[PDB]
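Sequence positions, counted from 1, serve as the residue numbers for this chain.
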Amino acid sequence: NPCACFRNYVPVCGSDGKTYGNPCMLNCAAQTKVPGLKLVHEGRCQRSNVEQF
């Protein structure tokens with residue numbers, strides 16, 4: 001199961017511009033929510049005053 005994930009926070013940024021809580025969760029989304037979703041970089045997606053402070 002791609003969506004069998006723990007919630008441990010290992011933030012990664014998807015090609016959809018959405019942060020995923022960990023790579024497992026990105027994969028879950030890749031398999032069920034966002035076709036073609038890829039992990040583009042480690043850490044949260046960059047969005048000032050939203051994802052960062």
Side-chain angles (χ1 to χ4, degrees):
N1 190 349
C3 297
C5 301
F6 287 117
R7 295 182 186 101
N8 301 48
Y9 183 60
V10 180
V12 295
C13 179
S15 54
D16 57 356
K18 181 170 183 170
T19 299
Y20 290 88
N22 55 47
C24 183
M25 297 280 200
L26 183 147
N27 184 63
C28 167
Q31 299 327 129
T32 62
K33 275 181 183 172
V34 184
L37 180 62
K38 300 291 201 174
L39 197 171
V40 303
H41 66 75
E42 197 70 17
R44 306 199 65 90
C45 296
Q46 290 286 134
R47 190 173 172 94
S48 62
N49 305 108
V50 175
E51 305 268 346
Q52 293 71 47
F53 344 126

Inter-residue atom distance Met25.CE - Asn27.CG, 0.5 Å rounding: 11.0 Å
ILVMFWY network linking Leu37 to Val12, side-chain heavy atoms under 4.5 angstrom: yes
Side chains of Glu42 and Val10 in contact at under 4.5 Å (non-hydrogen atoms): yes
SG atoms of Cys28 and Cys5 less than 2.5 angstrom apart: no
Point-to-point distance, once rounded to the nearest 0.5 Å, from OH of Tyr9 to CZ of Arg44: 4.0 Å
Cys13 vs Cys45, disulfide (SG to SG under 2.5 Å): CA-CA, chis, key distance, verdict: CA-CA 5 Å; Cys13 179; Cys45 296; 2.0 Å; yes
Pair listing, side-chain hydrogen bond (donor to acceptor under 3.5 Å, both in side chains) test, anchored in residues 17-26, at least two apart: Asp16-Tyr20, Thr19-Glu51
For the student: nearest non-hydrogen atoms of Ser15 and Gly36, plus distance: OG-O, 3.9 Å
